[PDB]
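A single chain comes next, written as structure tokens; it is the form deposited in one PDB entry.
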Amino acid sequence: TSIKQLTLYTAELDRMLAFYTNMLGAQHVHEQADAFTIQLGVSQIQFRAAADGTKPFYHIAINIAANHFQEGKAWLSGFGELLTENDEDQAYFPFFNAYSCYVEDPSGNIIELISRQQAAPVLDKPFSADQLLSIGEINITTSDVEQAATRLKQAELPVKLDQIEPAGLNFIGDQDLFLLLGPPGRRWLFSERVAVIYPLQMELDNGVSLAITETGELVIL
């Protein structure tokens, strides 16, 4: 399955709109009075205003083609300084057989491009914003990992309940989409920001819709 729409919150709506309009182009962005949407291939994200006194952020990875990693990295670097971890400005993840690079948006969202070496197409054409494929990762930061995992499984996502670590990060998915399910508390790779519960909503292309509430409960809508 793929993410059809994600709804995220931001304390920086105006700066975010400018950032994504410049990055993706006006044809991939729609402004509303109280929100805006961006198109990432087959996935959409709506950003809405955060509650005053909060500064929500998320870990968002965007799938790019198997052969587009270095072009994607160069492109991404035009929009901010590439984030580094251990003084490296890219990463290889053997579990996903994937290369990743990262930049921060105006809210501190971790914007990752992920090039899955066997789980993405080879596209024989130049990379551009038009070649972003879909959302490949989103964090599901929850106050109850076991409950969340159980509800995701009841919703017919691939979940091996006996392997779930309630105090750790759990990769839930297959192919080109993984939910990063875990508790708050720990610093995110490539970021200064520590995992904190912020609300979101997610609609999958198979019709499944869910929310993370402001207290971190995963609820099936």
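From 1 onward, residues are counted along the sequence shown.
There is also a form deposited with a small molecule bound; it is not shown, and the following applies to it.
Here is the short version: of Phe69, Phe47, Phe57, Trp188, the single residue with a heavy atom within 4.5 Å of the small molecule in the bound PDB entry is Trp188. Among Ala35, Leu169, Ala65, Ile62, the residue placing a heavy atom within 4.5 Å of the small molecule in the bound PDB entry is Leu169. When contacts are judged by a 4.5 Å heavy atom cut-off, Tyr102 counts as touching the small molecule in the bound PDB entry. In the bound PDB entry, the small molecule lies within 4.5 Å of some heavy atom of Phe96.
Heavy atoms within 4.5 Å of the small molecule in the bound PDB entry are found in one stretch of 88-96, 71-79, 127-135, 142-150, which is 88-96.
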